[PDB]
**Student:** 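First the structure, then my questions, so here it is.
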Amino acid sequence: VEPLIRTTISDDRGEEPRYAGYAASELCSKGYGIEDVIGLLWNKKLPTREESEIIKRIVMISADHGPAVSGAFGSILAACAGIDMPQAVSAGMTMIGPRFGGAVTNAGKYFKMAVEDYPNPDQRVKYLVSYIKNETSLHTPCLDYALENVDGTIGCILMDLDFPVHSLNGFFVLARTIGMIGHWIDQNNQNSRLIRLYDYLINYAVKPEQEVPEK
Amino acid sequence: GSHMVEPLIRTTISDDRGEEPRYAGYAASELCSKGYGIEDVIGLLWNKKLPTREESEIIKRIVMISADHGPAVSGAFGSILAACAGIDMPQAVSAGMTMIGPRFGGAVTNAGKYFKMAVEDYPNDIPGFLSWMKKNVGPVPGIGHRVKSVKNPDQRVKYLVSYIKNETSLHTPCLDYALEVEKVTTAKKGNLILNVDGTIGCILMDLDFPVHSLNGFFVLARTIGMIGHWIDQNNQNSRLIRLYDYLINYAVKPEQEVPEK
Amino acid sequence: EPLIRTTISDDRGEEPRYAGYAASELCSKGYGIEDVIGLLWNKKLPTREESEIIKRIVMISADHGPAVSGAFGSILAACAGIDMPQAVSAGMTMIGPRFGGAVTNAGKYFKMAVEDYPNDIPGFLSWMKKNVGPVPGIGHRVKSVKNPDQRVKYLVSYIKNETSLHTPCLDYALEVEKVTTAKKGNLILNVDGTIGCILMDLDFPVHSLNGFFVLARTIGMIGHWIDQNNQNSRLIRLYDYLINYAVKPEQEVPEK
Amino acid sequence: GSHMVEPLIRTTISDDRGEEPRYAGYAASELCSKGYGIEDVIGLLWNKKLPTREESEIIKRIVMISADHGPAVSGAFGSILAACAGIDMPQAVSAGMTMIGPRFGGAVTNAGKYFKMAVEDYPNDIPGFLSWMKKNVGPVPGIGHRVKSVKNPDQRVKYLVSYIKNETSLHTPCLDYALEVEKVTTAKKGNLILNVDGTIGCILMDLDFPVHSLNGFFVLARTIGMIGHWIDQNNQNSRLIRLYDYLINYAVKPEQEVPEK
Ligand SMILES: CC(=O)SCCNC(=O)CCNC(=O)[C@H](O)C(C)(C)COP(=O)(O)OP(=O)(O)OC[C@H]1O[C@@H](n2cnc3c(N)ncnc32)[C@H](O)[C@@H]1OP(=O)(O)O
Ligand SMILES: CC(=O)SCCNC(=O)CCNC(=O)[C@H](O)C(C)(C)COP(=O)(O)OP(=O)(O)OC[C@H]1O[C@@H](n2cnc3c(N)ncnc32)[C@H](O)[C@@H]1OP(=O)(O)O
Ligand SMILES: [Ca+2]
């Protein structure tokens, strides 16, 4: 039988799943964390302890940015429409792209090009930068070039961690899913009603009323 | 003219109007600096409370254990179909996530609800609980699996139960009840095991987590796997999928001529 | 062993076949979009009367402005630079029990009410409150007895006066509306209720009912995406004065 | 409190504030009463113009021909996967719709854009257009078919081209160029015919529909089929899909013990 799909990251056929060769429960038993599973499933590599400390902080820092932004607001709109959590969160996730979250992969991409082709106050940035430059020994050429914005900081850092270029948006997608789930729960706890924008929030730049011509 | 504005939405969990975003009143930079993790942010945004150490260790294992279960299941396969169709990651994973529901992944909330109801209303009457569920609800949420069974046990379930019993002091009436239900249901049919959704739901009810939050633990964890599958197919440059003809049981109308109007 | 079973369409022959009919031949013989809907959702070519009803349901339901959840979700995605299909998929995800997707249940319960509570609307309303919750097909955020929904009035008048359809479900729902609007003005028979009743009276498959709204409102959601793209609209961020920030006091993180 | 409001959204296509919706200024029920159709509402909402009778006849045919292509293809299959997972219709169809993009449906808009570029840049130079495309794009979008060819024509294409040439007086420069391109490409290899995506994409550019709108015709038409498939699976009470193990090539890492931290 010719297979329909080819997978390289996980095997569910045994007693429990294997993530890049490692048993899920053995990762739990030996003290590994969510950040380690992220490394295994997205990069097929168990992160080093410093890499795991950076992944953890990137996800924590990126988890939510309030209810006003497109991802969270999409989830809220769906929550208020009575849609179930997974589907509501999927609507918020659909907002992630070139304008909402996209500054991470683009920063990473252009600062990598800058390092190769042109080699020669936000408290979260000052925290992240000081953590990676002082509490780790990770070589951060892209970040160092950028130092010579949180999306800029995170994007440079992920290119410097050698994560595949295809994986970079994953950090923002996963992290913001925590906030979007949270917003859905918050609206459900409040028993929020359907949202319908107020008329004065809309500029109805519409055609004048006209009668339909006969045919 | 001006307008008297009434708020459109009300939010209690997060705010970005200050110096940096605040999660249930706490700054993310401070959470990072003081040694907290992803499991702590999950607790703040979903329960508005910093988890205890015992809770954080449980949340971490729930997420790790649930992260992925291969490419054959609806969530992963949906993400893979979209990846092969050349769809960008967030939109591809949204398609996979849309599969999460009563049958696949999204039975956590209702498993917690109904096992808690059973503990309260049928503590010494599992057959009463099962009969009530069959007549009034349908399949018992958190019971059953397409591939795991008495002969092919789910070590993810065995691990979470062993961890709770041995590495914590957590009192678990819902989980203990569900394990007694599993003995009764698996005597009827081997497929009627206590599954991962049922296990997680019971543990989270025993931790008194918000009832609405329960499915969130699966949704979030399995997003890790779905992103992983999208990346995997992109690394392989996988082509557009068309389901093979032999896998489709066609039972279609005969070819027929359109009649004149 | 097969993975799925399918009965509605087949692309293995010379061209795709919809319930056994070739689309080129349906076009050539003067059939329309409404006939293809009937073939793919009911496996039968509609009668001329049925096709005229389907057409009108779709046209009447196509759009209801940018303020409503489906359109606003599509607009939010358009403004975020998301491509059309994925943006409209976000809008479509909003269609459910509160907005747009009460057609199926409205048809299901009004059809049962005709048989089980023929001369007892209070008994039906009591059964629903205990067994279901809000009556699907009743209520609206903006339309009411004081601001009637002319879409509902039009569809009801078209059916009752311009077709020969026997409408026990729709007639029952109209009697229900007299009872509920006497209690509260917002409890009108809404578009979802009207469509659901009409489709049950037409003996359409019960699972198909929400499809008429999902498809029709896809026209509108695509329109809003195109409109925002033509305007080169920017990323939307909800104004802070539209949000009641009932957030926890800013606190210092305690030591572990 | 009172605020000086700036509108959050600007809309030009429809007004819902009155007794019924107004599509590009026209009352929805009056379009119904005066004998207009779905295709007329499509033109009003997507182009802000009531189509001419001939444009209306073309829109109708495009939608009908594009409505479904069987259950094996990504959009329908996504809807079927969600239907089998117990997901409600709108959410299930949304998953299938997510598959629509560069590989599935995208050849319509790509063919339109490039045959329009050829009419403008290579008006009487098909070899130059075909030389540039092979260098900067690869296979010409809208050209080629696996099973169809000169010996076995696509009757939908022959029907549509014949309709627009013999039942309308519409000027079709993009479609005319694509038919001249087909004469050159079919002479090289018989299978390089003008396909249905190429025929539709060219026609839409010739009807002067906005460039942003072209994908709408496939999206809306295939929503008919995706709804159909969801209903079909629900009528059957189909069970959850989980791909059989033999359909997966598990090109996975060797099993190893987790190292100590
Ligand atoms: C991480 C996860 O996804 S774990 C799974 C989460 N889902 C749930 O917990 C929901 C409840 N469980 C179920 O719906 C099912 O067991 C499924 C969908 C998970 C798997 O079932 P399937 O393999 O599709 O089989 P199907 O639904 O036909 O059930 C097989 C038989 O077991 C019975 N059965 C299956 N699950 C249950 C259940 N939870 N309660 C009662 N009876 C059940 C069915 O009635 C059927 O019996 P029959 O032979 O007399 O007809
Ligand atoms: C195209 C469409 O979307 S048409 C609408 C389709 N939806 C339905 O038919 C589902 C049933 N209806 C409903 O859920 C609601 O009427 C909605 C969501 C459409 C609008 O309601 P909202 O404006 O959000 O108001 P809310 O849900 O708070 O209800 C208003 C009041 O009317 C009552 N009410 C509203 N709809 C119903 C109903 N269908 N049955 C019974 N009571 C109802 C509520 O109980 C509430 O009463 P209260 O003031 O005593 O508490
Ligand atoms: Ca006039």
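Atoms within a ligand are numbered from 1 in the order they appear, just like the ligands themselves. In what follows, every heavy atom counts, from backbone to side chain, and hydrogens, waters and symmetry copies are set aside. Every chain is numbered from 1 and lettered A, B, ... according to where its sequence line falls, protein lines coming before strand lines.
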**Student:** Taking the side chain from B/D68 and the backbone from B/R222, do they hold a donor-acceptor pair closer than 3.5 Å?
**Tutor:** no
**Student:** Using the six-membered ring wherever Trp is involved, compare the ring planes of B/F129 and B/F115 and label them parallel, tilted or perpendicular (cut-offs 30° and 60°).
**Tutor:** tilted
**Student:** Could you tell me how the ring of C/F213 sits relative to the ring of C/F99: parallel (under 30°), tilted (30 to 60°) or perpendicular (over 60°)?
**Tutor:** perpendicular
**Student:** Between A/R196 and D/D16, is the closest basic N to carboxylate O distance under 4.0 Å?
**Tutor:** yes
**Student:** Tell me which protein heavy atom sits closest to atom 31 (C) of ligand 1, plus the residue, atom name and distance to 0.1 Å.
**Tutor:** B/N191 ND2, 4.0 Å
**Student:** Counting both backbone and side chain atoms, is some N or O of C/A102 under 3.5 Å from an N or O of ligand 2?
**Tutor:** no
**Student:** Which atoms from ligand 2 have a heavy atom of C/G100 less than 4.0 Å away?
**Tutor:** 2 (C), 3 (O)
**Student:** Just give me the atom name: the N, O or S atom of A/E211 closest to the Ca ion (ligand 3).
**Tutor:** OE1
**Student:** Is B/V140 in polar range of ligand 1, meaning some N or O pair under 3.5 Å apart?
**Tutor:** yes
**Student:** Report yes if some N/O of C/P136 lies less than 3.5 Å from some N/O of ligand 2; otherwise report no.
**Tutor:** no
**Student:** Can you list the ligand 2 atoms lying under 4.0 Å from a non-hydrogen atom of C/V191?
**Tutor:** 1 (C)
**Student:** Is ligand 2 less than 4.0 angstrom away from at least one heavy atom of C/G193?
**Tutor:** no
**Student:** Quick one: which ligand 2 atoms are inside 4.0 Å of a heavy atom on C/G137?
**Tutor:** 8 (C), 9 (O)
**Student:** So if I count the atoms of ligand 2 from 1 in the order they appear, which ones are less than 4.0 Å from some heavy atom of C/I138?
**Tutor:** 9 (O), 11 (C), 12 (N), 16 (O), 38 (C), 39 (N)
**Student:** Can you confirm whether C/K153 is buried at NZ, in the sense that more than 12 heavy atoms of other residues, nucleotides or ligands lie under 6.0 Å from that atom?
**Tutor:** no
**Student:** Under a 4.0 angstrom heavy-atom cut-off, which atoms of ligand 2 come close to C/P97?
**Tutor:** 7 (N), 8 (C), 10 (C)
**Student:** Going by the order shown, which atoms of ligand 2 are within less than 4.0 Å of some heavy atom of C/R141?
**Tutor:** 22 (P), 23 (O), 24 (O)
**Student:** Give the atom numbers and elements of ligand 2 that come within less than 4.0 Å of a heavy atom of A/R193.
**Tutor:** 22 (P), 23 (O), 24 (O), 25 (O), 28 (O)
**Student:** Write out the residue and atom name of the closest protein heavy atom to atom 35 (C) of ligand 1, then the distance separating them to 0.1 Å.
**Tutor:** B/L192 CD2, 3.6 Å
**Student:** Which ligand 2 atoms does C/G139 reach within 4.0 Å, using its non-hydrogen atoms?
**Tutor:** 5 (C), 16 (O), 19 (C)
**Student:** Starting from atom 46 (C) of ligand 2, find the nearest protein heavy-atom neighbour and note its residue, name and distance.
**Tutor:** C/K184 NZ, 4.2 Å
**Student:** Would you say D/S238 and C/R5 make side-chain contact, with heavy atoms under 4.5 Å?
**Tutor:** no
